[PDB]
């Protein structure tokens, strides 16, 4: 049983405890704390938050680094407490991050899922307690208090077996020196948020809305009819039924209207280019203008993203509400959305720094391919150099299309694309793509050795690892379905590359955070997107940041090839280019 507590007592404030600070709303920013449980050597306690969070001794305990707490998803609680003006310190074990590191494919999203990994089932899944979707609801205090106490008791019971397995995997330092410190840095970044120029966004959205209606009127002209252009079903009836355009690709219920297909239907009818333009404009208007404006807080005029640290199978961060990694990077108005992201104070600027080709540099290091390593030691343009070797031409003989094809081979490596995906990316046959790949391996035989050796290692051990000992289990590597086996082989090759790059960026973030405080700069980390870090800082700090940030990022790890960082600053994220 447990103590349903009236007031905070001294025995609730031991120097080691499992702690539950429950935030039930999915978006925890400025969200209610619905209850608190503490389990320690003296007992098990449920506290009402209006009581506990108004208690000086309990608040002092929360903020005391020397009182150690074990938790699940400590960042959710940290941020919810930041919005109440309360600091959470001393979190020495995060069970969500521990479960993530042990097996990211398990999907661990609550205490019960993690507990089941160790045959502990005396805790319910959150979904069984709070309900799903519309029916979601905080239950009565007796049901709530038992749930929170069972979650804390599970965290209390599970710390030792989880830490023991992490230690056997050589992942104990990964948890304690990388993922957990990063969790606190991410909490600060989310809480600070990023200032959005909403008038600029609304002005962009008004541009699009008038452009969209011009294109949309033109499409109804060439259609001889009005129809929902945003319905791929109705658009198929207009294209392939009414206008009798060739069906080149089939979807599983009707006709494909992908941008891939439409670009090749373009010579046949003027409607097609107008559909393509409508699709561009409408994606910007719906996903990025209206999408962003919906998640800007009117109190702060900021967006406060939520970074998901325990989701991807490579170790990269993901982010939501908004997903600021999805912001377009190709077109002109694509990245012009980034004009809307501004410093949060007068006379501050945005500073952005990004790793140049970190994935291919990591590959050069892991594969120890002499040709790849030398190209980076000479700081060559890697796509031009790849074209030179594959086609055996001098630099001045590399045509733009040759460089494009080499760049597509290189991107297929960074992102693990199939050779059918290479064919599909280059609009060539599978046989031609295969010959492309063999010429690459003729030029980079160390990369070929690495690809063969890592697949054999994944088959032997059952998993692959990154430079900082993240692992990914690959049970499909021995499957008899060719497509299932092939995807697992590509993941064996890709995860050490993408996940080691993720490791390096996370270590750079931790090193940068420490250096900024050591230097007593006001500069603050705001975002991590792709291979880039974004900060804001007083304009009087730019010259110092120009030396400090690239140095910290370049020295985060020592590889057989240099790490290279490009950096810029400006009055907006766009202009930090």
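Residue numbers count along the first chain shown, from 1.
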ask   = Which is higher in the entry, the mean Cα B factor of 136-144 or that of 110-118?
value = 136-144
inquiry  = Highest mean C-alpha temperature factor of the two stretches 372-380 and 263-271, which is it?
reply    = 263-271
key: Out of 335, 448, 471, 173, highest CA B-factor residue   = 335
task = Between 186, 390, 350, 484, let me know which has the highest C-alpha B-factor in the entry?
result = 484
request  = Using the B-factors in the PDB entry, rank residue 553's C-alpha atom against the chain and give the third, lowest, middle or highest.
outcome  = lowest
query = With respect to C-alpha B-factor, does residue 225 fall in the lowest, middle or highest third of the chain as deposited?
reply = highest
inquiry  = Going by the CA temperature factor in the PDB record, which third of the chain does residue 496 belong to: lowest, middle or highest?
reply    = lowest
message = Using only modelled residues of the chain, where does the Cα B factor of residue 386 rank: lowest third, middle third or highest third?
response = lowest
inquiry  = Considering every modelled residue of the chain and its Cα B-factor in the PDB entry, is residue 35 in the lowest, middle or highest third?
reply    = lowest
